[PDB]
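Participant: Sharing a structure, written as C-alpha cells. Questions coming.
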Amino acid sequence: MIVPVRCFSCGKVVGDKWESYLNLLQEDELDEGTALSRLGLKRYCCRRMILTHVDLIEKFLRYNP
Amino acid sequence: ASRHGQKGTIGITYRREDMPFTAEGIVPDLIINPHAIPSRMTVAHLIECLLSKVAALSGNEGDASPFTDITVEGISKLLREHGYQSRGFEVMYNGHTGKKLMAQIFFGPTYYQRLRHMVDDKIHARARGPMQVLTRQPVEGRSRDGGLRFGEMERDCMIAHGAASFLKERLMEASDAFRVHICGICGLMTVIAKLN
Amino acid sequence: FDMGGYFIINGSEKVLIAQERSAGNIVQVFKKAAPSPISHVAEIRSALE
Amino acid sequence: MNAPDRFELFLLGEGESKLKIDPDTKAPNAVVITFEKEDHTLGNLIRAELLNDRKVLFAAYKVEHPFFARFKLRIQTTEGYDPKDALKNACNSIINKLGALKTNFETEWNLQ
Amino acid sequence: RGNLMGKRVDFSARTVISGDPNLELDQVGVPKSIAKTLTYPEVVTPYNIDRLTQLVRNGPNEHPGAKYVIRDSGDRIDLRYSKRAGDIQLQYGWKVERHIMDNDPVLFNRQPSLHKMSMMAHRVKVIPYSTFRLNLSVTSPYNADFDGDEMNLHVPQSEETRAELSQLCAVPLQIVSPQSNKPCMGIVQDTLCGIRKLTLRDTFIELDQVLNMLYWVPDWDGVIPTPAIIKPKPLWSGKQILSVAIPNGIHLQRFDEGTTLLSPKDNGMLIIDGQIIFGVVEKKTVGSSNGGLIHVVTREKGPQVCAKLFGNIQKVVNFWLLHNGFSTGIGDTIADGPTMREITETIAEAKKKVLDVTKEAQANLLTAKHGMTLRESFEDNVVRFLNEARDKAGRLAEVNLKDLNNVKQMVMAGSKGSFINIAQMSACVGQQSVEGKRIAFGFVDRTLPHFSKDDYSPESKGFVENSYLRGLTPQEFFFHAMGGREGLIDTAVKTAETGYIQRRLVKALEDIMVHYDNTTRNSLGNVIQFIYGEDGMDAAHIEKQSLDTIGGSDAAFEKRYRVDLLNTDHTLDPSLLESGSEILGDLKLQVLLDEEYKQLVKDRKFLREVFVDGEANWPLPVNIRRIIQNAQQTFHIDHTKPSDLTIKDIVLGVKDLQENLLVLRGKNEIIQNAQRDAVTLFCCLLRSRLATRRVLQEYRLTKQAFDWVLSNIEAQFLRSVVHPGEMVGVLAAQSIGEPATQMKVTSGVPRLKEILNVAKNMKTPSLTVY
Amino acid sequence: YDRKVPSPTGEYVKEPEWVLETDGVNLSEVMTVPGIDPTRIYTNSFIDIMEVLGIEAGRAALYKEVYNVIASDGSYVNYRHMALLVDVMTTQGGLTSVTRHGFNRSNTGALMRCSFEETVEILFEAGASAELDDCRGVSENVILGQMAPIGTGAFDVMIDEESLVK
Amino acid sequence: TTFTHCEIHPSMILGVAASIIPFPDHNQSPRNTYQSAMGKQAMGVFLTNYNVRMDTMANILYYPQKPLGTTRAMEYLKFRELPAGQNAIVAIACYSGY
Amino acid sequence: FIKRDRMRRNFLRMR
Amino acid sequence: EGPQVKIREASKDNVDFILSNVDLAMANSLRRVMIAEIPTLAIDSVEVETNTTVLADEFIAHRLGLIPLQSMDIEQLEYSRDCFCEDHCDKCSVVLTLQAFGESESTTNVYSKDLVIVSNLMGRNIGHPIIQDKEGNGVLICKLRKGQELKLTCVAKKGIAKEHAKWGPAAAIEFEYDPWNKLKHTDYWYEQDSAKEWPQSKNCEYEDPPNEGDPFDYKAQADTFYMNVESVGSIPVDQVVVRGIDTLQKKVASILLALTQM
Amino acid sequence: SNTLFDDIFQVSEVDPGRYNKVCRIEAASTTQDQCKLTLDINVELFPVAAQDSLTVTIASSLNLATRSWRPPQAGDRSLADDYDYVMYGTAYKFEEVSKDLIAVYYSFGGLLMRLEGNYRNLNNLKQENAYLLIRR
Amino acid sequence: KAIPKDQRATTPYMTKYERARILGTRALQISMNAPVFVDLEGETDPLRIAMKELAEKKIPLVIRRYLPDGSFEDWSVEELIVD
Amino acid sequence: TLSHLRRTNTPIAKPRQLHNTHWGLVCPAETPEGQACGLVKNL
Ligand SMILES: [Mg+2]
Ligand SMILES: [Zn+2]
Ligand SMILES: [Zn+2]
Ligand SMILES: [Zn+2]
C-alpha cells in the first residue's frame, strides 16, 4: 500500500523512486516505458515493481484521524 | 492461484541463490511445473505471461480483454523487438552449479493471488483431549481441539486389510471404551455394582 | 469505493439475494408422458399485483 | 517447534563437529565426509577441485534434503594416498586460486 | 452410522500435504510440531529403560521427549507439573508415553477413501514445517495432489496394532493392487518425463556428472561402470546410469510394433540382468503398467526391494532432470504456417460435406436409414463429419510437432496430456454438445439471437472451429461454456451417485470372507462360492499369460508340439540332447509322446469350448515365461549344445508336478475333484508351456535347469493361493465402486444403478437375435 | 457383426453375420420364431433371462451386464470381484437387489441389517420377533467394540505347552 | 442483411468475477468457472477504510499490485484501485522435483 | 496490443 | 598466477568484468557467495514508542529492515551472539532513532535520511542510511497527515543474506559464459531456424563466431565468464567482489582448519 | 586380451533418424562378401560419411570388467591408442541366421550393433562384454 | 471340535494374518519382559526380536483355526511353514 | 463484494443447465460447484 523498498525478485532498492517517478511522469510528460528507463530500472523484474504499484496510502490518509 | 484455475500450495522455498537464473541475473519468484499445462489446456495462462513480459518491458498495460484482435503473433513480435526470444523462452543457468540448463525456460511475470487457505489454520493434532457429553466421544472441530473422524469408509478399508486389532483399538481404546456389568440372566445392564 | 446496496441489521451487513421464479399470468402447455389419463395440460399461475 | 536456531546455521552447531568422517566400507580406500552448515556453495567447489587431482578416482557430493543444510562428500583415491590428504590439497589449491583472483582483481580495479 | 459404525478418535492429526522427492516410498514426513503432540505409550523393559529414562528427562517440550509416565498401578503422571518432583525413577512394566519418533509406523489416510489403498501404513520421519510430505509415487493410490488436499494420520497405541500396520497395511505390500492385478503405484510425473529424456539414444553423460549421479543411488556398490564410450572423451549413456538403479537379475522384454533385436525406432524394452539393452524407458515400462518393470521387480524380488527401486529411480532422474531442466510455453502450442493452412482446408472441406448433406436433406433427397427419422439421420451424418474433421485436424498438428516440442515430449513420455488436448489447443476445438446433441434451439428456431432462423450450419449449432490458441469468438465461447457447464453438473451427479452405490455394495458384501477350507461364506455360514473366485487364487498374484494351445492353425499346432521318434514326419533331431542318438525309433517312449500329445489335443479341444472366441491371453497365476528366463540366465544356457534331459524326465516331470499344485487338500472324493477342477486351466497352461518339444528345442534346459523351473512353479503357485481369513467381500465391493467413480443404449452409472437396483423396467430393453 | 470362428485349417478367422437388434423385449415368444438360432439369443434385461432360462443363466447374464458397464469405459476389474458380487445376488434363487429390500431383508442379524438403511423399523421387528442375533458379523462386533473374526481375528492364539520344555 | 441491433461489446456477457480472467476466450470453459470462484477468496484490500471497521476476520495484502495484463472491464470494477494479487515472476520448469 | 489511458490527452487537446 | 580479471565498466554501483582462466565451479561458487554470504548491517529490532500513522507497526518495522545501511567498515562489529552484552552494545550494534510528526496541512513524508544515530560509533564507518538519489531523500518510509506521529528506536546488527534477504549487499548479479553455444551446453528450441529466433548476446562479440564447418571440440571446457555485479549500496561494488572472495577463502580455509583437529 | 575379430568395412550409407548425435551405419566388409555391419555411432565424436572405409576390432580386452573403471592415468600402454573410437558393449544375441551365416548383436550402452558373416570368422566372440575399436 | 492331528486338512502354510498376529502378541509379550527363547544379538526392539524367534521357530504358540461349523484344527507355529 | 450484490438464486425442468436465453443476462462462466451449480446465477 506504499512504495515497496527493494524489488522482490531482485533486491534493487526501488523505494526511493516513487516520487521521482511520479514527478517524471507528471511534469515532464514522459511515458512510463521511458520514465522507468530513466530511473535506471532496466530489468523487467524491477520495472514491475514501480510500474505496477498502487499507492493506496493516499486514500488512507484521507480519513481524518 | 493464478487467474486461470490453477491452485497450488508452496512446495518448498529456495533462497535466491539456489534458484535458476538467467543471464541478466533475474531469478523467478515462483516455479511451476510444466505438467500443469497440457491437460488443463489453459492457454490463457501462457499468453498472459507473454503479454505481461512485454508490458513490463515496454511500460504499458496489456490489454487482455476477451474478444479483441490481439493475437499471439502480435505479442510475439513485440517481444522480439525488446530483444528477447519471441515466445518467452530464456536461457537459464542452474543455481547450484552455474551450468547452463539444456532446456530453456518459459519465463515472465504473471498475476498470482494469495488464497485464504493458510496452513496454520489447518494443522491439527490430538491425543486425549476432551469428550462430548451425551456420547462421550472426542469433540469435533480443530478450534476446540476436536478429533478426526474414523468414518464408515475408513472402517471398510481397514476390514479389507484384515487388520482386526487396529480396527478394534481405533474404535474402543482410541475413542470411548466403557466397562459395564450385566446380569447373567436378564442380559441387561442393570447390575447395581458397588464395586467398592 | 463502498457501493452501498446492503442493510445493516444488528451491526451486521446483509444482502438480499435476488430470488427467481416463474412469471405469473402466462399460459404454458405441458405434455404428460406418464400413462396418466391426461396427455396435455395448460396451466396459468394467475396472480394479481 | 519445527526449525532450529540460526547463528549455528553458519557457526557450526556447537558440540558437534563441522566434519564427521567415516570410511566407506563398500569400496577400498575411500571416505565419506559430512560437512555441516554447508551446501552447494562449498560442495560443488571442493568436489570440482578434486577432479583435477590425478590421484582421485571418485569425487562426488550430495545434499540429501534441502531442508537441512549439510552435505556429504565421498572421495576415493588411488592406493597409498589418503583421502584425508587429497582433501587437503584441494582445499589448498582452492585458496591459492582465490588469493590470486583477489589480487588480480584489485589491480584491475585500480586502473579505473 | 455416526457413533458406532464410525466416530472421531484420539491420536490423530490432519494437515496439508506436500510432495517430496527425497523420502522413501514408505516414509511420511511429520511436522515436528505434530510429533510433539501425538504419542506412543511404550513399556519399560530391560532393553530400553535407560533410553526411556533419557526421554523423561527431555520432558514434554524438546522433541524426542515424553509427556506422561504410567505407573504399573494404572496411575499416570504429567511430566510438566512434575519438575517439582524433578527426577523420576522408572521401573520395568511402567509405560512412558513418548513422542512419536522416526520409523514408528503410522496409518495415513486420504478421504473419501474408497478402496483399501487409501489407508496405508508409513514410517514417520520428523521434519520441519507443517505439512505432511509424502513420496510422489504413493500419490496415485491415495488419489491426492498438492493443491491443498489434506490427509489424516492415525497413530497405533499398542505393540500389536503396530505389527498389524507394519506387516499388513504397509505401503510396499500394496504395490500390486488386487483390483486389477497390476501395480497401483508407478513412476509418475516429472520423473516420468525426465526418465524418457534420460534414456533417449543420444543422451550422453560426462564423468563429473556421472559420479554425482551414481553417488545419489544410496545402495550403489561403488563400481564405476565402464563407459559405453571411450577414446575420445569417456562418455556414459543415459541407459547405463539408469541401469545402475535396477537390481541385478531382472529380465524384461516387451516388443512394440516394429521392434526387432536391432530396435530401429528404439521402442520395446530389453533389460537383461538388470541392465538396459535397448528401449526408451517410458510409461509402458516404469509406469503403473501391467507387465512392466515394477510388476516384475515386486514379484521376483519382493516388496521391500521394489520399494527401494522407486526411490532409486527418482533420486537419479530427479537429479539429472534438475541439471537438464525442462519447461513448456506457448511456442509449444503453435503449428507452422503450412500446417495451419491444411488444418484450415481440412476444416473447410467438412463444411462442404456438411453443406451437401444439408442440401440433399432440404431437397428431400435423403434416405433415413431404417431405424431413425430423416432428422436423426441428418444429425448423425453432420456430427460424424464434424467429429472426423477435428480428429483429422488433430493428426495434422501432432504430426508437425518436432521432438523439441515440449508438449509432444510429455505425451510421448505418457506423463501428462494426450492427443485430444493438443488437438484442441493447436488445431480446433470441435463440436460442442449438450446431451449428445448439438446445441438446441433455445430461442425460437435459432440458437442465439445473432443467427437467422432455421440455421443448421456447423457454426450455428455449436461447432467451435478456432483453437484455444486462436481464441473463441463470442458465440463459440458461449456454446463452449454451455457444453462445459454440462460437464460440471455430471461430475457433481456422478460422484453423488457413485458414492451411494459404493456404500450399498460394501454393506452387501461386507461379511463374506474366505474361510479355512476355501469356501466363501458370509456371517451365517452360507456358502457363496465353493472356492474363492472359482480357483482359490489371490487376485494380486494373477498375470495375463497366453494359452499356447488354443490358437493357430493345426498345422502350426502340429509343428509346435508333435514329436515322433519312430517315424520322420515330425522327428526330433538328436543334437538337441545327449541321448537323442540312441532314442531314435524307441517304442516305450514313442508311446508317451502320443499320450502327451494326446493330452494337448484334448486341451486344444477343451479350451475352444471354454473360450469360444479363441481368445488366448488370460490372467492366471504363476508367470511361466519369467520362470523360464531366470532359469536360462541363472544357468547360462549353452545353446548349440546338447542337453542332459531325457524324454522320461520331462514327461514325467510335468505330469508329476501337477499332483503338487494343491489348492485344496482334503482327502475324500468330493475334495479331490474340486482340486481336480481348480487347477484345470492352469494345468492346461503349464502343459502347453512345458511340452517336450518346447523344453528341448526351444528352452534347451539342462537337467539342472528343469527341476529348478519345476520347483519354482510349485513354490510360486502355492504362494498364490488366497489366504483364509481374507475379507474378499469388501475387497470385491470396493473394487467395483472404484471404477464406478472413474466415469445408443444406457451405459455407465445409470446402467449400473439399474442393475444393482434390479429394476423391473430398464430404460432400453433391447434384445439381440442371431 | 464379425464373429471370430475357427477355420477349416483350424485357426480363428473373423467372419461376419447379420444380427437383428431390437427395441422392446419378449423373450419367450421370439425364442421360437423359426429361422433363428434359439440357443445363442441374448437380452440386456437379465430379469427375463432369469424367468425364462432359470437362475443359473440369469446369473451368467447378470455377470455379462455388469462386465459391460465396467468395461465399456475402458476400465478393467479382475474377474473374481465381479463373479463374487453376481453370486451374492443369486444365491437364493432369483435376483436379489442390492438395496434395502434385497439383502437387508435376509435374516443376517439385526445389528447388521439395522446399520444400513432403516434402522429403527428393523430394530422393532427384531424386538417383536425376539430375534436372536448371534454376533458373528463384523458389523455386530464393531458395535460391541470386540475383535471381529476378520483377518487377524479369524483364529485364536493358544499358548503351546510341550514346546515350553526349553 | 437485416440487423436490427448490434451488441455494445460482446465481452459484456460476463459477470463481475469472470471479468477479471485475462483472455478468457483462450481457456477451457470449466477453468473459467474455477477462477471465477477462487477469485472471491483471493486476498487484497477490501475497502479503503478497513482501519476503522471492526469486522471479524479481515485479510489485507501488504503490497497489492495491479495486474500487468488487464481487461477493459476491470476499469469499472475498480480492480486497479483495490487489486488482489501481485505480479510474481514465474518460471515454468521442472527445477527440483518439489 | 496495450491499453492506452493517455488518450485523455488527445481528447483533451482535440476539444 | 591463475585466474585473470578484466574490467569493462565500473559505474558508481556496477562493475562489469570478465573472469578468465578459471573453471565454472569457481565462478559460480563465487557468484553464490556475493548473493548470500557477505556480512552487512541492517536494522533488526524495532521498539515503537508511538505510532499513529496509517501503517501497522510490523509493517513499518519491516520496511526499516530493508533500508540499506552504510556498512563499509563492518568487520569492526561483532555478531550479536558474540558480544556478552545484555543483548546489545556498541561493540555489536548501532542504534538509530526516528521521530516524525505531521505538522504541515499537506502530507509529510518520512525518509530514510531522517534516521539519526544515537550510539557511539567508536569512529567506525557504519550506520548511515545510504542515499543514492539526487534529491538526497532516501527511501520513503511512511507518510503522515497532520497530527500523526511516529517515534521509534531501531537497532542495526550484522548479518548475512543467507539468514534474511535484508542483509544482502548485492542486487542482481549477471553471469554468462560461452555466448556462442560452442560447448553445446544448451540446445536451442526453435520453430524454423534457431539462429534467427534467439537474439545474440551482447557478449557474443568478445569471442569470435564458432567458425561454421569444423568438428565439435569435445575437450574444451568453460572459462571466461562474463559477470556483472550490481551493488545495493551498503558497500561499494569493488568491495562486493573483493569481500566475496575473502568470504569464500575464509570458508575453504575453515575446512582446512577443522581437518587439523584429527 | 586379444583381438577377437577384425576386418575393414566401407560405409554403404548413414542415417540420422530423429537423432542429432548418433547415426546408424551401414557397412559391408571389403574382403568377405557377406560380412555386413550395422552400427549406431556418436557421430558428434566421430563423424562418418557415406563410403568412408573403416577398420573394426573386438578385442575382449585392451591390455597389451567387474572392476571399477578408473580414469586413464598417464602415458599408459592401453590399446586403442591406435584408434579413434572405442565402445565397450555387451553381447545379447547370437542368432544363427542360416547356414554358416551367423549374426551377433552388441549393445554399447544403448547404441546397438549387428554383425554377421560366416560362422568361420565370428566363431570366437561369445556373449562376453567386448570392446570395439574403429579408426580412420 | 478338535480335529485330530492326522486329519488336519487346512493349509500347511502360515497365512499372512497368522504371521501378523503372531508377531504382534509375541512382540507384545516380550515387551512385557516375558522370557526370550533366542539370543537377542544386540536387538532391543520387541518386534524385531519376535521376527528373530519366528525365523528360528522358537515361538511357543499355536494357532487354533476355526472351521465355519465350529470345529477347529490346531497348528503350532513351529510346524507351519512361513512362505 | 461486488459479485455478491449481483447474485441471484433459484429455489429448486432442466434448471442447472445454461440456456441459450441466458446470453448476456447472466454470466456463463460463474456459478458455484456442487449442489448449487447452475442454481445460483450471476448477472
Ligand atoms: Mg486436490
Ligand atoms: Zn529487480
Ligand atoms: Zn437380571
Ligand atoms: Zn554487544
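Residues in the C-alpha cells are named by chain (A, B, ... in the order shown) and by number from 1 within that chain; ligands are numbered from 1 in the order shown.
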Counting only C-alpha atoms and all ligand atoms, what are the residues of chain I within 12 Å of ligand 2, and for each of them which pair of atoms is the nearest and at what distance in Å, to one decimal? Sort the table by chain and rising number, as a tab-separated table.
Facilitator:
```
residue	atom	partner	partner_atom_place_in_ligand_line	distance
I:170	CA	ligand 2	1 (Zn)	11.0
I:171	CA	ligand 2	1 (Zn)	7.3
I:172	CA	ligand 2	1 (Zn)	6.7
I:173	CA	ligand 2	1 (Zn)	10.4
I:174	CA	ligand 2	1 (Zn)	11.8
I:230	CA	ligand 2	1 (Zn)	10.7
I:231	CA	ligand 2	1 (Zn)	11.9
I:232	CA	ligand 2	1 (Zn)	10.9
```
Participant: Give me, as a Markdown table, the closest atom pair and its distance (Å, one decimal) for every residue of chain I within a cut-off of 7 Å of ligand 4, counting only C-alpha atoms and all ligand atoms, rows sorted by chain and rising number.
Facilitator:
```
| residue | atom | partner | partner_atom_place_in_ligand_line | distance |
| --- | --- | --- | --- | --- |
| I:80 | CA | ligand 4 | 1 (Zn) | 6.0 |
| I:83 | CA | ligand 4 | 1 (Zn) | 4.2 |
| I:84 | CA | ligand 4 | 1 (Zn) | 5.9 |
| I:85 | CA | ligand 4 | 1 (Zn) | 4.5 |
| I:87 | CA | ligand 4 | 1 (Zn) | 6.4 |
| I:88 | CA | ligand 4 | 1 (Zn) | 4.1 |
| I:89 | CA | ligand 4 | 1 (Zn) | 3.6 |
| I:90 | CA | ligand 4 | 1 (Zn) | 5.8 |
| I:91 | CA | ligand 4 | 1 (Zn) | 4.7 |
| I:92 | CA | ligand 4 | 1 (Zn) | 4.1 |
| I:93 | CA | ligand 4 | 1 (Zn) | 6.4 |
```
Participant: How would the residues just chosen look if you wrote them out with C-alpha atoms as a PDB file, in the first residue's frame?
Facilitator:
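Now in out-v7.pdb:
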```pdb
ATOM      1  CA  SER I  80      25.296 -10.027  18.315  1.00  0.00           C
ATOM      2  CA  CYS I  83      29.032  -9.895  22.359  1.00  0.00           C
ATOM      3  CA  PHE I  84      28.405 -10.601  26.013  1.00  0.00           C
ATOM      4  CA  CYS I  85      26.283  -7.530  26.442  1.00  0.00           C
ATOM      5  CA  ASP I  87      21.737  -8.373  24.146  1.00  0.00           C
ATOM      6  CA  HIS I  88      23.377  -5.329  22.544  1.00  0.00           C
ATOM      7  CA  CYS I  89      26.100  -2.748  22.992  1.00  0.00           C
ATOM      8  CA  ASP I  90      28.180  -0.512  20.828  1.00  0.00           C
ATOM      9  CA  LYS I  91      30.594  -3.346  20.207  1.00  0.00           C
ATOM     10  CA  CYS I  92      27.958  -5.333  18.380  1.00  0.00           C
ATOM     11  CA  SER I  93      25.260  -2.977  17.137  1.00  0.00           C
TER      12      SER I  93
END
```
Participant: Within 12 Å of ligand 3 (counting only C-alpha atoms and all ligand atoms), which residues show up? I'd like them as a JSON list (two decimals) with N, CA, C and O atoms, in the first residue's frame.
Facilitator:
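And here's result.json as it stands now:
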```json
[["chain", "number", "residue", "atom", "x", "y", "z"],
["B", 181, "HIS", "N", -21.35, -53.71, 33.80],
["B", 181, "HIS", "CA", -21.69, -55.02, 34.31],
["B", 181, "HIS", "C", -23.04, -55.43, 33.79],
["B", 181, "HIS", "O", -23.90, -54.59, 33.56],
["B", 182, "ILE", "N", -23.25, -56.72, 33.63],
["B", 182, "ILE", "CA", -24.54, -57.19, 33.16],
["B", 182, "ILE", "C", -24.97, -58.42, 33.91],
["B", 182, "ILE", "O", -24.14, -59.26, 34.27],
["B", 183, "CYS", "N", -26.27, -58.54, 34.13],
["B", 183, "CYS", "CA", -26.81, -59.70, 34.82],
["B", 183, "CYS", "C", -26.64, -60.94, 33.97],
["B", 183, "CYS", "O", -26.84, -60.91, 32.76],
["B", 184, "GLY", "N", -26.30, -62.02, 34.60],
["B", 184, "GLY", "CA", -26.12, -63.20, 33.81],
["B", 184, "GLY", "C", -27.39, -63.88, 33.40],
["B", 184, "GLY", "O", -27.34, -64.92, 32.75],
["B", 185, "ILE", "N", -28.53, -63.34, 33.77],
["B", 185, "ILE", "CA", -29.81, -63.96, 33.48],
["B", 185, "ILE", "C", -30.62, -63.11, 32.53],
["B", 185, "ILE", "O", -30.90, -63.51, 31.41],
["B", 186, "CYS", "N", -31.01, -61.92, 32.96],
["B", 186, "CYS", "CA", -31.53, -60.93, 32.04],
["B", 186, "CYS", "C", -30.33, -60.15, 31.56],
["B", 186, "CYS", "O", -29.71, -59.43, 32.33],
["B", 187, "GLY", "N", -29.94, -60.34, 30.33],
["B", 187, "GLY", "CA", -28.68, -59.73, 29.98],
["B", 187, "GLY", "C", -28.85, -58.24, 29.85],
["B", 187, "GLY", "O", -28.75, -57.71, 28.76],
["B", 188, "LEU", "N", -29.10, -57.57, 30.95],
["B", 188, "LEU", "CA", -29.42, -56.16, 30.93],
["B", 188, "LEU", "C", -28.44, -55.41, 31.79],
["B", 188, "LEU", "O", -28.13, -55.82, 32.90],
["B", 189, "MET", "N", -27.98, -54.27, 31.30],
["B", 189, "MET", "CA", -27.04, -53.51, 32.09],
["B", 189, "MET", "C", -27.82, -52.91, 33.24],
["B", 189, "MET", "O", -28.10, -51.72, 33.26],
["B", 190, "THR", "N", -28.21, -53.75, 34.18],
["B", 190, "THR", "CA", -28.98, -53.31, 35.33],
["B", 190, "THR", "C", -28.34, -53.72, 36.62],
["B", 190, "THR", "O", -28.94, -53.55, 37.67],
["B", 191, "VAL", "N", -27.15, -54.29, 36.57],
["B", 191, "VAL", "CA", -26.47, -54.65, 37.78],
["B", 191, "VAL", "C", -26.18, -53.40, 38.56],
["B", 191, "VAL", "O", -25.74, -52.39, 38.00],
["B", 192, "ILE", "N", -26.43, -53.43, 39.85],
["B", 192, "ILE", "CA", -26.05, -52.34, 40.72],
["B", 192, "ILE", "C", -24.77, -52.78, 41.39],
["B", 192, "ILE", "O", -24.77, -53.43, 42.42]]
```
Participant: Which residues, written as a PyMOL selection string, have at least one atom at most 9 Å from range 4-6 of chain K, with only C-alpha atoms counted and residues fewer than 4 positions away on the same chain left out?
Facilitator: chain K and resi 73-75
Participant: Kindly save the residues from that selection, with N, CA and C atoms included, as an mmCIF file, in the first residue's frame.
Facilitator:
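Heads up, here's the output in again24.cif:
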```cif
data_model
loop_
_atom_site.group_PDB
_atom_site.id
_atom_site.type_symbol
_atom_site.label_atom_id
_atom_site.label_comp_id
_atom_site.auth_asym_id
_atom_site.auth_seq_id
_atom_site.Cartn_x
_atom_site.Cartn_y
_atom_site.Cartn_z
ATOM 1 N N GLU K 73 -8.898 -77.035 13.908
ATOM 2 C CA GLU K 73 -7.614 -77.697 13.870
ATOM 3 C C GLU K 73 -6.631 -76.864 14.657
ATOM 4 N N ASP K 74 -5.551 -77.477 15.112
ATOM 5 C CA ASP K 74 -4.533 -76.764 15.862
ATOM 6 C C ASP K 74 -3.192 -76.975 15.215
ATOM 7 N N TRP K 75 -2.550 -75.894 14.856
ATOM 8 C CA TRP K 75 -1.209 -75.942 14.339
ATOM 9 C C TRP K 75 -0.331 -75.136 15.264
#
```
Participant: For ligand 1, list the contacting residues at 7 Å or closer, counting only C-alpha atoms and all ligand atoms, as a list in words.
Facilitator: residues 144, 145, 146, 147, 148 and 149 of chain E
Participant: Neighbours of residue 552 in chain E within 8 Å (only C-alpha atoms; same-chain residues fewer than 6 positions away dropped), as a CSV table (one decimal) with C-alpha atoms, in the first residue's frame?
Facilitator:
```csv
chain,number,residue,atom,x,y,z
F,10,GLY,CA,-8.3,-74.7,-37.6
F,11,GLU,CA,-7.2,-71.2,-36.7
F,12,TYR,CA,-9.7,-68.4,-35.9
```
Participant: As a JSON list (two decimals) with C-alpha atoms, in the first residue's frame, please: the residues near range 9-23 of chain K (cut-off 9 Å, only C-alpha atoms, same-chain neighbours under 5 positions excluded).
Facilitator:
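Contents of the output file part.json:
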```json
[["chain", "number", "residue", "atom", "x", "y", "z"],
["B", 162, "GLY", "CA", -7.82, -57.55, 7.63],
["B", 163, "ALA", "CA", -6.36, -55.58, 10.50],
["B", 165, "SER", "CA", -6.99, -55.47, 16.12],
["E", 160, "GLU", "CA", 0.45, -55.32, 18.43],
["E", 161, "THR", "CA", -1.54, -52.95, 16.35],
["E", 163, "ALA", "CA", 2.69, -55.02, 13.90],
["E", 164, "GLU", "CA", -0.64, -55.13, 12.19],
["E", 165, "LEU", "CA", 0.36, -51.97, 10.38],
["E", 166, "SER", "CA", 3.90, -52.87, 9.52],
["E", 167, "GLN", "CA", 3.01, -56.33, 8.30],
["E", 168, "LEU", "CA", -0.35, -55.97, 6.58],
["E", 516, "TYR", "CA", -10.33, -72.08, 6.19],
["E", 517, "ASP", "CA", -11.50, -74.54, 3.65],
["E", 663, "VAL", "CA", -5.40, -75.58, -3.69],
["E", 664, "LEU", "CA", -7.49, -77.99, -1.65],
["E", 665, "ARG", "CA", -6.00, -80.78, 0.34],
["E", 666, "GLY", "CA", -8.80, -82.74, 1.85],
["E", 667, "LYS", "CA", -8.61, -86.44, 1.20],
["E", 722, "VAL", "CA", -5.82, -67.00, -1.24],
["E", 723, "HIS", "CA", -5.24, -66.79, 2.47],
["E", 724, "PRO", "CA", -8.14, -67.95, 4.60],
["E", 725, "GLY", "CA", -9.31, -65.09, 6.70],
["E", 726, "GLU", "CA", -9.22, -62.67, 3.81],
["F", 151, "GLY", "CA", -8.35, -61.36, 9.07],
["F", 152, "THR", "CA", -6.05, -61.47, 12.06],
["F", 153, "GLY", "CA", -9.14, -62.09, 14.08],
["F", 154, "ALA", "CA", -10.15, -65.29, 12.39],
["F", 155, "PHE", "CA", -8.46, -67.71, 14.76],
["F", 157, "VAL", "CA", -3.62, -67.89, 19.56],
["K", 3, "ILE", "CA", -9.90, -82.20, 14.57],
["K", 28, "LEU", "CA", 3.72, -57.72, 22.99],
["K", 47, "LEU", "CA", 9.07, -56.66, 17.13],
["K", 50, "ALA", "CA", 9.93, -61.56, 17.54],
["K", 51, "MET", "CA", 10.85, -61.66, 13.90],
["K", 54, "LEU", "CA", 9.91, -66.78, 14.39],
["K", 59, "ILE", "CA", 7.85, -69.15, 19.39],
["K", 61, "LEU", "CA", 2.46, -70.54, 20.47],
["K", 63, "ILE", "CA", -2.77, -71.44, 16.02],
["K", 65, "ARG", "CA", -8.01, -72.39, 13.20],
["K", 73, "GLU", "CA", -7.61, -77.70, 13.87],
["K", 75, "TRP", "CA", -1.21, -75.94, 14.34],
["K", 77, "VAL", "CA", 3.77, -72.11, 14.71],
["K", 79, "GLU", "CA", 5.30, -76.58, 12.33],
["K", 80, "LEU", "CA", 3.66, -74.13, 9.97],
["K", 81, "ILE", "CA", 5.70, -73.03, 7.04],
["K", 82, "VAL", "CA", 6.48, -69.38, 6.57],
["K", 83, "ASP", "CA", 6.21, -68.57, 2.85]]
```
Participant: Separation of CA of residue 58 in chain D and CA of residue 224 in chain E, in Å?
Facilitator: 8.8 Å
Participant: Any chance you could list, as a list in words, the residues in range 16-66 of chain B that come up strand (DSSP E or B) when DSSP is run on the backbone?
Facilitator: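 These are the residues in question: residues 21, 22, 30, 31, 62 and 63 of chain B.
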Participant: Please, which residues in chain B fall within 12 Å of chain H when counting only C-alpha atoms, and what is the closest atom pair and distance in Å to one decimal for each, ordered by chain then residue number, as CSV?
Facilitator:
```
residue,atom,partner,partner_atom,distance
B:50,CA,H:1,CA,11.7
B:51,CA,H:1,CA,8.6
B:52,CA,H:2,CA,10.0
B:54,CA,H:2,CA,9.5
B:55,CA,H:2,CA,7.6
B:56,CA,H:2,CA,11.1
B:58,CA,H:2,CA,9.7
B:59,CA,H:2,CA,9.8
B:60,CA,H:2,CA,6.3
B:61,CA,H:2,CA,5.4
B:62,CA,H:2,CA,4.5
B:63,CA,H:2,CA,4.8
B:64,CA,H:2,CA,8.3
B:65,CA,H:3,CA,9.7
B:68,CA,H:1,CA,9.5
B:69,CA,H:1,CA,8.6
B:70,CA,H:1,CA,5.8
B:71,CA,H:1,CA,8.4
B:72,CA,H:1,CA,10.0
B:73,CA,H:1,CA,10.8
B:74,CA,H:1,CA,7.4
B:75,CA,H:1,CA,7.2
B:76,CA,H:1,CA,10.8
B:77,CA,H:1,CA,10.9
B:78,CA,H:1,CA,9.1
B:79,CA,H:1,CA,11.5
```
Participant: Set the distance at 8 Å and use only C-alpha atoms: which residues neighbour residue 58 in chain K once local chain neighbours fewer than 3 positions away are removed? I'd like the list as a list in words.
Facilitator: residues 37, 38, 53, 54, 55 and 78 of chain K
Participant: Next, write the just-selected residues to a file, as a PDB file, in the first residue's frame, keeping C-alpha atoms as the atom set.
Facilitator:
```
ATOM      1  CA  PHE K  37      13.826 -68.054  23.637  1.00  0.00           C
ATOM      2  CA  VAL K  38      16.643 -66.748  21.478  1.00  0.00           C
ATOM      3  CA  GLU K  53      12.381 -66.059  17.125  1.00  0.00           C
ATOM      4  CA  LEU K  54       9.905 -66.777  14.387  1.00  0.00           C
ATOM      5  CA  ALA K  55      12.752 -67.224  11.959  1.00  0.00           C
ATOM      6  CA  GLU K  78       6.825 -74.250  14.897  1.00  0.00           C
TER       7      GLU K  78
END
```
